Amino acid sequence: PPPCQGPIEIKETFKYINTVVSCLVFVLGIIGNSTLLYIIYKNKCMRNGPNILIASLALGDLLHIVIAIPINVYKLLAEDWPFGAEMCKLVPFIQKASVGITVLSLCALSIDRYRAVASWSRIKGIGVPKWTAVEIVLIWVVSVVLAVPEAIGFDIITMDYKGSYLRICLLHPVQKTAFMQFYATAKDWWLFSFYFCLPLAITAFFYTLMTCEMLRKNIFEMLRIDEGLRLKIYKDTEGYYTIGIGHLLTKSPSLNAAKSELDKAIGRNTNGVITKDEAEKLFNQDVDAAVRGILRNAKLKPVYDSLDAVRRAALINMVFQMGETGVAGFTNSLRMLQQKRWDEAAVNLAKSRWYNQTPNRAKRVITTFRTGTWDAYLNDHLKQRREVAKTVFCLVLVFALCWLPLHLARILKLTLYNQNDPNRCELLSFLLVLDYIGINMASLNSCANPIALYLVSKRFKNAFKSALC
């Protein structure tokens, strides 16, 4: 009710700069999303489950960029709504529909890639799964159903603002039904909770579970290269029957007794021969047993707790080769690892009999300590898992950054606007420029998805060059 020291306005200087920016986002978004959908359709090596979910993300962005920028550019320059009450209900409906398509396709992509880690065939993304089709139709149907309240609640207001005639397309303050009257109150929170907080929380959860399983496969490949994988029963250096990656079966001289120990451990009648997946499951149990002993060891626990995941694997590698006691004897090098003194620890470890007796394995483990990367064990499967993890990480990072300003501009309008203040009117003039910048940013997601795929996927980088040649 109290008056204000100025009229809510935007500088014409701003209107001309932002419009130029909005023109670039629109042209690059249409080209990037169309070519992205083109290379996924043309190339047959890219016609798989994960890319189909990317195409659903690309269409939702291509749909959003079409109904968001061209109408908010006009709303900026012309400052009026001349499209009738049908477009006033249709435009925000298609908008919230397209946005819901992208956040659910993102969520489905993170879930799909997490389930694919367990199988080498799935993480390569070969073929189209069965329920891929029915999942997309559910994503699009649920997206438009949740966008329905946006359609019915919008209408054209005709009011008098200081003697000026205004056609205002907006969400009507008073609604007939009681549910819709409630939707108009907390709509900005529903947009903030469901179209930003929930997809970021869901993707971050399944991405974390994915890389945790990727970590277990890195260690298995590390120990297979260093120690060796034996899929048939063999005798170790002491004559004891062993299988897999150094897994002792029994100290009995009876091969037949050792075979029954194997059958108990695998849950299968193996006749002395196991599969790689069974050796891996057996190895993952040996790691968990090894970690439990490390955490119960007073000399290895502080070092292990302070190390990152890659370097913890290098320490587990040493325990597999020498045992807890033999590793705890490296009292000085372990101290340097806990103080994060890599290069010094790398130099010190190279003086050991361990380095002198098995130099190839020792060099790899020391490099892992020095660098903290898997560069010493880079192999075919690690690269595939590395490319997958990069793909979904950038797509969710592009999403969170592009939709943060628009979502930020709406959540500070809810908590800082107080209609009783005399000077509150001109902070909306600052929210006016934020809400229009947030429209260019959210539309940049349509353009930044192809750029992200070009940089992290070698196949997308080559397919993009092919389409623009």
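So that there is no doubt, residue numbering starts at 1 and follows the sequence shown.
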>> If you take the mean CA temperature factor per stretch, which one wins between 147 to 155 and 204 to 212?
In response: 147 to 155
> Can you tell me which stretch has the higher mean Cα B-factor, 364 to 372 or 294 to 302?
Replying inline: 294 to 302
> Out of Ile219, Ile274, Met318, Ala186, which shows the largest CA B-factor listed in the entry?
Replying inline: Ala186
>> If I read the C-alpha B-factors straight from the PDB entry, which of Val99, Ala116, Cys88, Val128 is highest?
In response: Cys88
> Is the Cα B-factor recorded for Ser164 in the lowest, middle or highest third of its chain?
Replying inline: highest
>> Quick check for you: using the entry's CA B-factors within this chain, is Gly84 in the lowest, middle or highest third?
In response: highest
> Compared with the other modelled residues in the chain, in which third is the CA B-factor of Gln95?
Replying inline: middle
> Relative to the other modelled residues in the chain, which third contains the C-alpha temperature factor of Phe182: lowest, middle or highest?
Replying inline: highest
>> Could you place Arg224 in the lowest, middle or highest third of its chain by Cα temperature factor, using the values in the record?
In response: lowest
